[PDB]
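Coordinates in review
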Amino acid sequence: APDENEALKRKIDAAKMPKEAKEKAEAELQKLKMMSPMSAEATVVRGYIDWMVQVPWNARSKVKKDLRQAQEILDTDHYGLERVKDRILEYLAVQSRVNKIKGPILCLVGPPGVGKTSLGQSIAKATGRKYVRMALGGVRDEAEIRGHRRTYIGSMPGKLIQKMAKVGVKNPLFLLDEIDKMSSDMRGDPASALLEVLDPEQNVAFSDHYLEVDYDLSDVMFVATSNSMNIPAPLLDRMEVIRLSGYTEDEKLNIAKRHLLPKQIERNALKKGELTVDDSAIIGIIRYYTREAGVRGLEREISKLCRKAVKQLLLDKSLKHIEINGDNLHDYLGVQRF
Ligand SMILES: Nc1ncnc2c1ncn2[C@@H]1O[C@H](COP(=O)(O)OP(=O)(O)O)[C@@H](O)[C@H]1O
C-alpha cells in the first residue's frame, strides 16, 4: 500500500534474480507487510532487501575471445616486463573457452613497488572485464570475507559482497591486494572463508552469513597479489605463483617515461608542454631520492616534482614552461636523500 513498501518488487523481478533467491527474497518480505514504521524487523528487512537488489546476478559484461588484443595492451600498460608478459597471455588463452575459470588463481609476488596492482588493471582491460580491488590488510577474522549475521543495524554482508554492489556484473576482476598481511587470529582464520570463494568446487556455493542464500562466483576472475610468501598452505595450493622482482635503472627510466611522468603531469593540473623532465632528472630521482626494487618511491618523487611545477607556475604567471634536469633537480625535490 505505501510507496517504498510497494516499490520493493520494482527491482526484485524487474532486475534479474536466480531461483533459490527469488521467492526467498519474498519469503523475507513475508516478515514485512505487517506495519511499516515498526522498528527492528521492519527496518532490517528493508535494508536487507536493499542489499538483495544491488548485488548482481544474471548480469555480466561480455568477455571477448581474442588474444592479440590482450598482447596489444600487455605492452601498453608497460612493455612486457621482459618475460611474464607471456604468462598473463598464457593464462588468458585457456580462459577463452569454458566459463568455469577453474585454474590456479594467479599470484603476483614481489617487493613493494613492482607493478602488481597495475598488472591487475590490464588483465581486466584485456578481457573487457570490470575491475575492483579489495585490500587484504588489517583483516584479522572471518567477519570480512563472509559478513556478519542478519542481526540489528550495522551487520553488513561480506567485503566481497559489498564490492559486487559497486561493480554490478557477475564477472569482475577481483584483486586480492597483499594477501600476506591477512592475519588469522580472531574469528578462526579468513583463509577458510577465502577457500570457498576461489576453490572451483565450492565457489558456485559461496554462502554469506548476512545474505542468507548462496552466491555463485565461478564467473569471477580472481587475482591475489602480495609480496612475501607468508600465505596459508591451502591458499598457495591451487594458485599460480608468478614471481617478478628485478628492476634495473633503464627499466625504471622506461616506466617513468611512459607511465609515471604522464600520470603525475595530468593529476597535478599540468598541460602537455607545461613541464619537461628529461632523462637525467629521472635518473637523478632514482639514484639520490629513491632506493627500492619497485618504482613506488620513484612515483612518489614525481608526484612532488610535478607538484612544485604547478606551484611555480601559479606563483609566477610569467612562466609558460618549467624545465627540470639533473642539475636543477635538487631545487624542487630539496636535498638528496641517498
Ligand atoms: N612495470 C611497471 N610498468 C608500468 N607502471 C608501473 C610498473 N610498476 C609500477 N607501475 C606504476 O605503479 C602504480 C601502482 O603500483 P603498484 O603495482 O600498485 O605497487 P604495489 O605492487 O606495491 O601495490 C601504477 O599506477 C603503475 O603506473
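The text that follows walks through the structure, step by step, so that each part is easy to find.

Each aromatic ring pair is summarised here by two numbers: the centre-to-centre distance and the angle between the ring planes. If you walk through the whole model with that rule in mind, you get 2 aromatic pairs. Judged by centre distance (4.9 Å) and plane angle (70 degrees), the rings of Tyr48 and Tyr210 are edge-to-face. With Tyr48 in helix 2 (residues 41-53) and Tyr210 in the loop between strand 4 (206-207) and strand 5 (214-215), this residue pair connects regions lying 162 residues apart in the sequence. The residues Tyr48 and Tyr210 share a single accessibility class, namely buried. Ring centres of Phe174 and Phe222 lie 5.8 Å apart, and the angle between their planes is 50 degrees; on these two criteria the pair is classed as tilted. You can see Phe174 sitting in strand 3 (residues 172-177) and its partner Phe222 sitting in strand 6 (residues 221-225), a full 48 residues away along the chain. Overall, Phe174 belongs to the buried group, its relative accessible area being 1%. Classification of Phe222 as buried rests on a relative accessible area of 4%. A cation over a ring is seen here: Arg150 above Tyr48, with NZ or CZ 5.3 Å from the ring centre.

Another point: the site of the ligand. Taken together, 17 residues lie around the ligand, and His78, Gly113, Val114, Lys116 and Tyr247 are the ones closest in. Contacts to the ligand include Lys116, whose backbone N or O atom sits 2.8 Å from an oxygen atom. Here the ligand is seated within the largest pocket. Taken together, the elements giving at least two residues each to the shell around the ligand come down to helix 5 (117-126), helix 9 (249-267) and helix 11 (296-314). Broken down by element, the residue count for the shell around the ligand peaks at 4 residues, all from helix 9. Among the residues making up the shell around the ligand, the classes are represented as 6 nonpolar, 6 polar and 5 charged. When residues of the shell around the ligand are assigned to domains, at least three map to each of domain 1 (67-243) and domain 2 (249-331).

To continue, consider the pairing of strand 3. For strand 3, a buried count of 6 out of 6 residues is recorded, marking the element as mostly surrounded by other parts of the structure. Because side chains alternate across strand 3, one face comprises the buried residues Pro172, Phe174 and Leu176, and the other comprises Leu173, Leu175 and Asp177, equally buried. With 6 bridges joining them, strand 2 (residues 130-135) and strand 3 adopt parallel strand pairing. The residue bridging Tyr131 from the neighbouring strand is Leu173, located in strand 3. Since strand 2 and strand 3 lie parallel, the crossover through helix 6 (residues 159-166) that links them has a hand, and here it is right-handed. Judged from the 5 bridges that link them, strand 3 and strand 6 form a sheet pairing that is parallel. Paired with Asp177 across the bridge in strand 6 is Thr225.

Applying the stated criterion to the full structure yields 18 salt bridges. A salt bridge links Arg60 to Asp219; the shortest N-O distance between them is 3.8 Å. With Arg60 in the loop between helix 2 and helix 3 (68-74) and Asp219 in the loop between strand 5 and strand 6, the pair connects residues that are 159 residues apart, well separated along the chain. The class of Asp219 is buried, set by a relative accessible area of 17%. When salt bridges that share partners are traced, they join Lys24, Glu28, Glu41 and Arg150 into one network.

Formed by 52 residues in total, the largest nonpolar core has its most connected members in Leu270, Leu275, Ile302, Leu305, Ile324 and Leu329. Here this core gets 7 residues from one element, more than from any other, and that element is helix 11. A domain split of this core shows at least three residues from each of domain 1 (67-243) and domain 2 (249-331). With residues near it in sequence (within four places) discarded, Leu305 still touches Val277, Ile285, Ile324, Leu329, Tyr332 and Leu333. Grouped together as the second largest cluster of nonpolar side chains are 48 residues, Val169, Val197, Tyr210 and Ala224 included.

On to helix 5. Along helix 5, the residues that are buried comprise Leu119, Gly120, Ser122, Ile123, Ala124 and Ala126. Here the buried face of helix 5 lies against helix 3, helix 4 (85-94), strand 1 (107-109), strand 2, strand 3 and strand 6. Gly128, located one to two residues past helix 5, shows a positive phi value of around 60 degrees.

With that settled, consider the side chain of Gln69. With respect to the helices and strands, the residue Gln69 is situated in helix 3. Overall, the relative accessible area of 14% leaves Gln69 in the buried class. Only 3.2 Å separates the side chain of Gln69 from the backbone nitrogen of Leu67, close enough to count as a polar contact. When neighbours within four sequence positions are excluded, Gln69 is seen to be in contact with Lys64, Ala126 and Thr127.

What counts and what doesn't
- Residues numbered from 1 in each chain as written, not as in the entry; some residues may be left out.
- Heavy atoms only, no water.
- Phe/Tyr/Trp six-rings, centres within 6.5 Å; stacked < 30°, edge-to-face > 60°.
- Helix = DSSP H or I, 4+ residues; strand = E, 2+ residues; numbered from the N terminus.
- Buried < 20%, exposed > 50% of the residue type's maximum accessible area, 1.4 Å probe, protein only.
- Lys NZ or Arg CZ within 6 Å of the ring centre and 35° of its normal.
- Near = heavy atom within 4 Å.
- Polar contact = N/O pair within 3.5 Å; in protein donor to acceptor, adjacent residues only side chain to side chain.
- 1 Å grid on protein atoms, 1.4 Å probe; cavity = no way out; pocket = protein on both sides within 12 Å on 5 of 7 lines; lining within 4 Å.
- Sits in = over half its atoms within 2 Å of the grid points.
- Nonpolar A, V, L, I, M, F, W, Y, C, P; charged D, E, K, R; others polar.
- Domains from an automatic or database assignment.
- Pairing = 2+ DSSP bridges.
- Right-handed = clockwise from strand over helix to strand, strands pointing away.
- Salt bridge = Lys/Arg side-chain N within 4 Å of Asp/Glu carboxyl O.
- Core = buried A, V, L, I, M, F, W, Y, C linked by side-chain atoms within 4.5 Å.
- Contact = heavy atoms within 4.5 Å.

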